[PDB]
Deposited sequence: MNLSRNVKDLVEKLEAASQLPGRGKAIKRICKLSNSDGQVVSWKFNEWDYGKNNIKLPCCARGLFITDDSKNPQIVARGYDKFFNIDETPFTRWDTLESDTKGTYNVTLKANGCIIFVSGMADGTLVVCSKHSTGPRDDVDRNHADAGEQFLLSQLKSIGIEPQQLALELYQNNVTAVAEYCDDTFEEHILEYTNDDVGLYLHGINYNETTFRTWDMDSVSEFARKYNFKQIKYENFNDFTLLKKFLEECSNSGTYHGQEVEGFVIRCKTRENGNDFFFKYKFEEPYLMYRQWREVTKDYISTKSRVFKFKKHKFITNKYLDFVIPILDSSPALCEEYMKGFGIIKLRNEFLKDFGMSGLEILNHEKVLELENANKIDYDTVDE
């Protein structure tokens, strides 16, 4: 008779929102369980419908999976809420966050691998889903399932125990997995270590409540998950100091960083809230280099439409075009998404400056080379 996991109100609200023609139309997708052969419903909204005070959503979870019961639907799997970059929304501006949020501020690196949700049902089933798919898509759900079973065998923990512990806490584990079949990202990642990383744990409720990272680590050691680096800053001023110093330095712990995911609790009602701080440079310059490289490999055309980093991009083309012309093997891997970072650093070595050092004296050097 336990109605503590009944979510039929939210199910009714989602079904009603499904019929809405154009604004806030609930998107429904029925998947089949890979273990129990039963069915689970995945709900999802349009991205442009998120994060707007004029568009109230029944739930704000990126990834939501509910059971297929007409008298007691239960949230099988829940992901994080949709959270946005700084200044992207009026409630992620650099001034509103200090006023309306408190500590403790937790900073993790931006994920690079595929995201998977691991939960458990009453029947001991270990339900592994991915971006709105459990049938199964990217099929990273099944890849991560194989990784998880392999790592559970390595510690002798049966998947039944993990499913039962998830069910008893009514939690979904959000995990990032990075296979070697994955492509390279523009900025290098020092936590490649192919396997399953545990990004967090959420309670399967309509509202967003996530475990603190220490509990996540304790759960991960209990189930052979690869731990994730993070740092804690108690106040907003310390966090702004760390973020601005890291941006002025471009190195977190001797590594190139694309972005940070920062978790905190809102000052009013003490609810969890995430926001992203993305370092625009040197990500933009490197991605422009990669795009012009792919354009040359596919067309042998070195004309580009960019307005920023034009001189350094032309120098990069001067250095790299002979390499691409005379190394057909490098072109194939580059098009497949490999060797981007190595070729980038080869150019950075030829030019004699670091990427940040290039960015610092760039208008100086561009105007100087134009003047000559």
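Visitor: Unmodelled stretches of the deposited sequence, numbered from 1?
Guide: Gaps vs deposited seq, in order: 137-140, 377-384.
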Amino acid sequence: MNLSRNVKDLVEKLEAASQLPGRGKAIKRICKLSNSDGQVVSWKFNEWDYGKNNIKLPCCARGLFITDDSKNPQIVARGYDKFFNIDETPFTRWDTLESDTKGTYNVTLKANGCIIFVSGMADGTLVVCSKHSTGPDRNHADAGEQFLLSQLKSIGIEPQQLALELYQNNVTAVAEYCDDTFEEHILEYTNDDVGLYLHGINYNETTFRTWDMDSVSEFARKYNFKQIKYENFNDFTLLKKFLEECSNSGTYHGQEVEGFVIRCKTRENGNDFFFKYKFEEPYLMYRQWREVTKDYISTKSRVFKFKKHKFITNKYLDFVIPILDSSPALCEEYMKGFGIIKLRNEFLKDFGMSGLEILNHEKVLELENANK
From here on, numbers count along this sequence of modelled residues.
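Visitor: Higher mean Cα B-factor in the deposited model: 76-84 or 285-293?
Guide: 285-293 has the higher mean C-alpha B-factor.
Visitor: Mind pulling up the entry and telling me whether 91-99 or 268-276 has the higher mean Cα temperature factor?
Guide: Averaged over C-alpha atoms, the B-factors run higher in 91-99.
Visitor: Just grab whichever of 209, 110, 240, 263 has the top CA B-factor as deposited.
Guide: Answer, based on the entry's C-alpha B-factors: 240.
Visitor: Which is it among 104, 161, 190, 215: the one with the largest CA B-factor in the entry?
Guide: Top of the list by C-alpha B-factor: 190.
Visitor: Mind checking which third residue 372 falls in for C-alpha B-factor across the chain?
Guide: It falls in the top third of the chain.
Visitor: Once the chain's modelled residues are ordered by C-alpha B factor and cut into thirds, is residue 304 in the lowest, middle or highest one?
Guide: Answer is highest: the recorded C-alpha B-factor places it there.
Visitor: Against its chain's modelled residues, does residue 34's Cα B factor rank lowest, middle or highest third?
Guide: Residue 34: CA B-factor falls in the highest third of its chain.
Visitor: Taking the entry's C-alpha B-factors for this chain, is residue 117 in the lowest, middle or highest third?
Guide: Its C-alpha B-factor, which the entry lists for residue 117, ranks in the lowest third among residues of this chain.
Visitor: Please say which third, lowest, middle or highest, residue 200 falls into when its CA temperature factor is compared across its chain.
Guide: For residue 200, whose C-alpha B-factor we compare with every modelled residue in the chain, the answer is the lowest third.
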